[PDB]
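J.: Experimental structure below, sequence on top.
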Amino acid sequence: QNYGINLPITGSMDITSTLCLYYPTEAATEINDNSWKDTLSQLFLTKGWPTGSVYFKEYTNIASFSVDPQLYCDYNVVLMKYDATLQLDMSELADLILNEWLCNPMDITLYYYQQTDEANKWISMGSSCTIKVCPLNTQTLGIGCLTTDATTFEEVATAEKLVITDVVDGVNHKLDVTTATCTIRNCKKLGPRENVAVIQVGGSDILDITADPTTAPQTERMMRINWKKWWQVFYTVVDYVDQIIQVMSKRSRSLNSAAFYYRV
Amino acid sequence: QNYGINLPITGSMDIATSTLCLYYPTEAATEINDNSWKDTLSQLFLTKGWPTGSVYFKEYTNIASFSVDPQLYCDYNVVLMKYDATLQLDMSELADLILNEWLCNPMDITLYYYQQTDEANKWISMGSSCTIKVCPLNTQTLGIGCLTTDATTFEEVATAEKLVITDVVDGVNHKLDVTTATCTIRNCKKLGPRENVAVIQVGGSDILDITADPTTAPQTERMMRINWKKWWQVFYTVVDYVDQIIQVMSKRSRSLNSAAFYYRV
Amino acid sequence: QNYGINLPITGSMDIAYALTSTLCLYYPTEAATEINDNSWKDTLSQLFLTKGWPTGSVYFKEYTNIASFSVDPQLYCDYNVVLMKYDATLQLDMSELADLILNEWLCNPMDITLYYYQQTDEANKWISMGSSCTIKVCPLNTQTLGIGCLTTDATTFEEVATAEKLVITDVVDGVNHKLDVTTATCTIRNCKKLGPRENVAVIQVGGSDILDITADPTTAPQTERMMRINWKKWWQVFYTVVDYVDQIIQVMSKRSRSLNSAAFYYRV
Amino acid sequence: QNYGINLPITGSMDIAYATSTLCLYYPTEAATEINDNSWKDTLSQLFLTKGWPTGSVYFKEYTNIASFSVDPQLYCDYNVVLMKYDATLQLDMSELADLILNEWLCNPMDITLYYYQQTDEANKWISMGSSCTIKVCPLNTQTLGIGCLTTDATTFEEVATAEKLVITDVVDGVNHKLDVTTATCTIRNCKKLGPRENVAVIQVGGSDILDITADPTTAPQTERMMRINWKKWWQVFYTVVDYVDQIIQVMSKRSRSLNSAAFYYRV
Amino acid sequence: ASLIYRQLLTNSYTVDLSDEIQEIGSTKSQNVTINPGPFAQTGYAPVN
Ligand SMILES: [Ca+2]
Ligand SMILES: [Ca+2]
Ligand SMILES: [Ca+2]
Ligand SMILES: [Ca+2]
Ligand SMILES: [Ca+2]
Ligand SMILES: [Ca+2]
Ligand SMILES: [Ca+2]
Ligand SMILES: [Ca+2]
Ligand SMILES: [Ca+2]
Ligand SMILES: [Ca+2]
Ligand SMILES: [Ca+2]
Ligand SMILES: [Ca+2]
């Protein structure tokens, strides 16, 4: 209980959880049974999860879910339906919910903002996020744009529910986001979030959760299954819950000993 | 991992980028009646030694409105709270919520009876209009001074409150009747202090009971108070003495999610 | 000679030890239609002879569709190479076919009108094949009463397949189920995955690599025998297969089950 | 790799040492006489007493020996086939018993192009189908027929006519041309490998008439070939259930094959 | 004195008999299965 300090841990070589399951409304529509949640709860009970420990969350679309996706649970499994036209949206959602972000406010009408390093990004969430950026040189004049006129700005998003923006580091920008229907925050990626796993249904493993173009890492918590029946999807998840949990882990920020290290 | 929390640290008794959020009521901005005052304050903070782009200004209309799920954004948070004689309890509740670390679990009043385990266990309810009525139950799960079926006989402990910290007798089950449509109630435990936030009260006397115990009324270093007649003077005071305020505060308590409470399902 | 037992095999790590088979190539009718040459099988046979395969050792099998081929894909041949055409809407069908023809399955019968069924292990599935499979399952609690379904009424059953030529159902292990398969056209068996089938390799001619032959959602292994190519000409596809037959055979191996040392180990 | 089949096993002569599936093939006559809807459920319950858990005993129904001989399938670890004796079907019973009880390795036999010869006494020609009509013309060393013109099939010597299952044995070492009716028949060149302990045959009625060897000087009566006198199919089924222990003890499930086919196919 | 713990653990099969004594006096009730599902929306026919 010496919180807040990092002390070396020496080891010798010679020697009650809650699960949340997020699914699209299409799944419930196809199931077309109102007792399906209770059925899955009883199946999870057979797998060992006591009744009431499994929560079922429904979202209408990846677009809607991407608006501040709060996941309160010891373990979270998100069933993401693949659409070939939503590759970037799926990637951004996965990046936001599979990593821990420390976000600070942004007041675009009062300050110019730059990204300090590779771990820094601008995360914008809202009804309609339209982000236009004007880079400034060392004299505080636009490069390819005019600070006074926002039409000349360079548009990097349009009516986006969720957008992760990555401008060139070390250069100040003037932003012109739609603060009325969007909130933009200057975030830094601390690391992975072991609490959450994504199971894509359909598609061909198209997810880039790294802004680096030279890497498209496929973590153990990113899974993909071919599907035709949502009942079979849910049966697979229930039957292999043990493997999914083993792939995931408790949230380090949640655990005690995270006090004074950006807890929760 | 453990970060070695279970390990001792030995020290010798002889050896020898952050952000600042300022919460203010709309009254202050109205009285100042200047459009560039935020830029002016940013420049004055720069003179103090705060890099441009590190100070942010958050505005709330009222203490009651701000009490609805307050958000703590920066590494240092400083809330200017205006004193009203009729809002002593509201100021105390808001100060308790934003100065102490809370761990809250969901409550489903419509399907369960609830009790407070220990003195640290309170019921924090927030929303547009919270109206909590309670019925204590005896050992046989029967109402005491109330009919469990009939809610009109329940005892009213809050009325159209934006924020309530209800404290009932420990070890006694209660049936709760609240307006869940315009209010959410959570079973919270006070973990401890939150050195990330400080409250400067502009106005009246030293009135902030951040402890439910009636025999204790602590006044921590983060609970400051000033006498005011001009909001420009108030802000000049804050800017000039930011170093003292920061020294009183500690940025390590900053949370990841900016919510006033840690939520557990 | 000592069949049926498992005697340890001992070998040395510091010793130097300084055609007859048969190949079957399965392709869709689209390939033949595009090639539009009567003697194309003979031409490929001659080219295989150039590569070292005696004439008469290369068989050319034609299937109309993936869906039709999935109905009992009998491959009796020392080496089998299945060129399956990718379709965006048939990912699960392709995965099921690949699993069925790439793994060894020990299957027992299922009389769903006499018995409830439970899968006892991660390697136990229900494989159903036929003209039209429509599997509808009802899980039962410990009282043999349906969970979320009515044991007496099938319309309340939960459907996990609809007019499927081939399907591999995986239900929650350890719980009894009452099934309502359409046995009038489709037959269902309780199968256990012994392991990989070295005889068969599948070349996906088309889109990206989407096959996963493991029910476990956490793993999608891409073994040696699962190959993938891009294409615009079936002649080019066949030329590639002929030219790199040696690599394909090296990736594959003779079927372990049919080896005369597997006697009393589920074959010969 | 090879399970160490080439290595030896040394056992001592003194040291004290001290879910299988069961298929029951029966004719439709049995079901008709039983005349009960749930007799399979009853027999399942009774097997449960002998120790076979529910879901392990399966009942297969075949209309006739003739039909069942058309590519028979062996589904369970222990396959018990009840064969109804008919004095006019002795050879059919013998052929079916040989096919199921003995393991066979068969190769394809394209007859429209190639002459074929039997190699050793272990090689036969097994033909199955709706109607297998086989006419063989032996050839001398010059590839000319012996007692039959090669071109004209009417001179060929018939060996089977409209048969569901035929196990043809011709003189070894002499080529033959076969005019087999391939439209409704498939003929394969097979070799008998050895016994199949997976399957046992129980003959109801009759007088112990089954030769499972092509050799005329030998009609072995293995332990898996059994016979019982019968007058009620309920009595027959109760006998089988009550004595399943003895039948299983006489059988062995290590011969369970990966596929249900009665023969191993090699191209 | 440990005999109290040992005997309390040993003679625990009588708890079942006490439970049966309570059960026989308990009042019993039964519940019927609840018709579930997204019930089809059927309204009035078109009339004049
Ligand atoms: Ca521009
Ligand atoms: Ca987006
Ligand atoms: Ca950047
Ligand atoms: Ca209040
Ligand atoms: Ca009252
Ligand atoms: Ca209390
Ligand atoms: Ca399929
Ligand atoms: Ca149902
Ligand atoms: Ca399963
Ligand atoms: Ca003649
Ligand atoms: Ca015959
Ligand atoms: Ca012969």
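T.: Received, thanks. Residues are numbered from 1 along each chain as shown, chains lettered A, B, ... in the order given. Ligands and ions are numbered 1, 2, ... in the order given.

J.: Now the residue in the stretch 51-200 of chain A positioned nearest to chain B. Nearest residue, chain neighbours left out?
T.: Using CB to the nearest CB, residue A:111 is the residue of the stretch 51-200 of chain A that sits closest to chain B, at 4.2 Å. Using the backbone N, CA and C atoms, a C-beta is placed for each residue, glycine as well. Excluding its sequence neighbours, the residue lying closest to residue A:111 (CB to CB, 6 or more residues apart in numbering or on different chains) is residue B:53, at 4.2 Å.

J.: Tell me how many other residues surround that neighbour.
T.: Applying other CB atoms under 10 Å in any protein chain shown, we find 19 residues neighbouring residue B:53.

J.: bridging residues for residue A:21?
T.: Beta-bridge partners recorded for residue A:21 (DSSP bridges): residue A:56, residue A:77.

J.: Could you pull up the residues touching it?
T.: Residues near residue A:21 by CB atoms under 8 Å, 6 or more residues apart in numbering or on different chains: A:40, A:54-57, A:77, A:79, A:237.

J.: let's see 7 Å
T.: Residue A:21 makes contacts with A:54, A:56-57, A:77, as judged by CB atoms under 7 Å, 6 or more residues apart in numbering or on different chains.

J.: And for residue A:5?
T.: Contacts of residue A:5 by CB under 7 Å, 6+ apart are B:3-4, B:9.

J.: With distance to ligand 12 as new columns, can these be given to me in TSV?
T.: Putting the contacts of residue A:5 into TSV (distance: CB to the ion, whole Å) gives the following:
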residue	distance to ligand 12
B:3	84
B:4	84
B:9	93
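
J.: And the residues you listed, which is closest to residue E:28?
T.: The nearest member of the contacts of residue A:5 to residue E:28, counting by CB to CB, is residue B:3 at 56.9 Å.

J.: ok, now how distant is the closest one from chain E?
T.: Going from residue B:3 to chain E by CB to the nearest CB, to the nearest Å gives 42 Å.

J.: Now do the phi/psi pair for that residue.
T.: phi 50, psi 20 (degrees, to the nearest 10).

J.: Quick check: the residue of the stretch 1-150 of chain A nearest chain C.
T.: residue A:39 (3.4 Å).

J.: got the contact list for the longest helix seen in chain E?
T.: For chain E, the helix with the greatest residue count under DSSP state H is helix E:14-25. Where contact means CB under 7 Å, 6+ apart, no residue beyond helix E:14-25 reaches it.

J.: Of all the residues in that helix, which ones are buried?
T.: Buried residues in helix E:14-25, defined by neighbour count with 16 or more other CB atoms under 10 Å in any protein chain shown: none.

J.: Check the offset of that helix from the chain's centre.
T.: Helix E:14-25 sits 15 Å away from the centroid of its parent chain (CA atoms, centre = their mean, to the nearest Å).

J.: give me every residue that touches the residue of the stretch 1-150 of chain A closest to chain C.
T.: By CB under 7 Å, 6+ apart, the residues touching residue A:39 are C:139, C:147-148.

J.: Now render these as CSV, adding distance to residue E:3.
T.: Formatted as CSV, those follow (distance: CB to CB, whole Å):
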residue, distance to residue E:3
C:139, 49
C:147, 47
C:148, 52
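
J.: quick revisit: quick one: which of the contacts of residue A:21 is nearest residue E:48?
T.: residue A:56 (46.2 Å).

J.: Could you verify my assumption that the closest one touches residue A:38?
T.: No. Counting by CB atoms under 7 Å, residue A:56 sits too far from residue A:38 to count as a contact (9.9 Å).

J.: Which single residue in chain A comes nearest to ligand 9?
T.: residue A:239 (4.5 Å; CB to the ion).

J.: ok, that residue - contacts?
T.: Residue A:239 touches C:170, C:172-173, counting by CB under 7 Å, 6+ apart.

J.: Within reach of ligand 11, which of the residues you listed are there?
T.: Contacts with ligand 11 are made by none of these, judged by CB under 5 Å from the ion.

J.: What is the nearest of the residues you listed to residue E:43?
T.: Of the contacts of residue A:239, the one sitting nearest to residue E:43 (CB to CB) turns out to be residue C:172, at 38.8 Å.

J.: just to revisit the earlier point, give the phi and psi angles for the residue nearest to residue A:111, as a check.
T.: Dihedral angles of residue B:53 (phi, psi; degrees, to the nearest 10) stand at phi 90, psi 10.

J.: quick one: it and chain E, what's the gap?
T.: Per CB to the nearest CB, residue B:53 is found 53 Å from chain E.

J.: quick check, stretch A:56-70 touching ligand 2?
T.: No. On the criterion CB under 5 Å from the ion, stretch A:56-70 is out of touch with ligand 2, staying 6.7 Å away.

J.: Residue numbers of chain E in contact with ligand 2?
T.: So chain E never meets ligand 2 (CB under 5 Å from the ion).

J.: same thing with the stretch 101-250 of chain A?
T.: Counting by CB under 5 Å from the ion, the stretch 101-250 of chain A sits next to ligand 2 at A:160, A:162-163.

J.: ok, these vs ligand 7, which is closest?
T.: Distances from ligand 7 to these, taken by CB to the ion, are shortest for residue A:162, at 35.0 Å.

J.: from memory that closest one sits against residue A:93, does it?
T.: Yes. Contact criterion CB under 7 Å: residue A:162 and residue A:93 qualify, at 6.5 Å.

J.: where do the contact lists of these two overlap?
T.: The overlap between the contact sets of residue A:162 and residue A:93 (CB under 7 Å, 6+ apart) consists of residue A:66.

J.: can you redo the contacts of residue A:239 as JSON lines with distance to ligand 4?
T.: Output for the contacts of residue A:239, formatted as JSON lines (distance: CB to the ion, whole Å):
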{"residue": "C:170", "distance to ligand 4": "54"}
{"residue": "C:172", "distance to ligand 4": "48"}
{"residue": "C:173", "distance to ligand 4": "52"}
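
J.: Which one of the residues you listed is nearest to ligand 8?
T.: Among the contacts of residue A:239, and counting by CB to the ion, the member closest to ligand 8 is residue C:172, at 15.2 Å.

J.: Next one: the closest one from residue A:17, what distance?
T.: According to CB to CB, to the nearest Å, residue C:172 stands 19 Å off from residue A:17.

J.: And the residue in chain E positioned nearest to chain D, how close does it get to chain B?
T.: Going by CB to the nearest CB, chain D is nearest to residue E:33 of chain E, at 25.3 Å. Here the criterion is CB to the nearest CB. By it, residue E:33 lies 22 Å from chain B.

J.: and that residue, that's in a strand?
T.: No. Going by DSSP: H, G, I helix; E, B strand; the rest coil, the assignment for residue E:33 is coil, not a strand.

J.: State the number of residues packed around it.
T.: 8.

J.: And the closest residue in space to it that isn't next to it in sequence, how far from residue C:242?
T.: Residue nearest to residue E:33 in three dimensions, not counting chain neighbours: residue C:150, with 7.7 Å by CB to CB, 6+ apart. Distance of residue C:150 to residue C:242, given as CB to CB: 58 Å.

J.: centre of the chain versus stretch A:140-147, how much separation?
T.: In terms of CA atoms, centre = their mean, the centre of stretch A:140-147 is set 33 Å apart from its chain centre.

J.: Can that stretch be said to contact ligand 1?
T.: Yes. For stretch A:140-147, a contact with ligand 1 is found by CB under 5 Å from the ion, at A:144-145.
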